[PDB]
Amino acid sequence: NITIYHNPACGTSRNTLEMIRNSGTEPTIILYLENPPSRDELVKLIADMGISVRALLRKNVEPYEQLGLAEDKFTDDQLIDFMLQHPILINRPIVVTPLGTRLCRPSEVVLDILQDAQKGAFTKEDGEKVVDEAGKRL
C-alpha cells in the first residue's frame, strides 16, 4: 500500500514518515542507502514523480562533489547510473502510495498522496505546525 524510501538521519524523512503514520498506515520502509531501487524501479519512480533526473540528485554529498555533478556535462542516464552506484545521491524521502509518487521535499508534500486525512494535528519535529486539529493546513 505505502512505501517510503527513508533516511533516518534526515529530518525531512523523519517528518514524512510520521505524517504517513498519522494518516493511520504503517508503510513499507526501504532504507535506500543499503537497499537502493533497481534501475528499472528508479526510472519508474522518476517518471511517476514528474520531476527531472537532476532534480532528484542530492547536492552536498561526497559523490556529487567529487564526480563534478554540478556541471552540466551529464545525460539523464549517466545521472541515473551514478545514483544506482552511489545511492546517497538519491534525494529523500520518496513516497509511493496508490494515488502517486512524490519526492516529499518539503515533507508536507506527502499530504498530496495520502489517501486518508491526518488523524489529528501534526507538528514537525522542529515545532513547525503543519495541520491543526481540525485538519487545516497552516
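A residue's number is simply how far along the shown sequence it sits, counting from 1.
Relative to its counterpart among 38-46 and 101-109, 38-46 has the higher mean temperature factor, C-alpha atoms as listed in the PDB entry. For the two regions 11-19 and 126-134, the entry's Cα B-factors average higher over 126-134. The entry lists C-alpha B-factors for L79, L33, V95, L67, and the highest of these is at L33. Ranked against the other modelled residues of its chain, the C-alpha B-factor of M83 as given in the entry falls in the lowest third. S52: CA B factor in the highest third of modelled residues in this chain (values from the PDB entry). Split the chain's modelled residues into thirds by C-alpha temperature factor. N60 is in the highest one.
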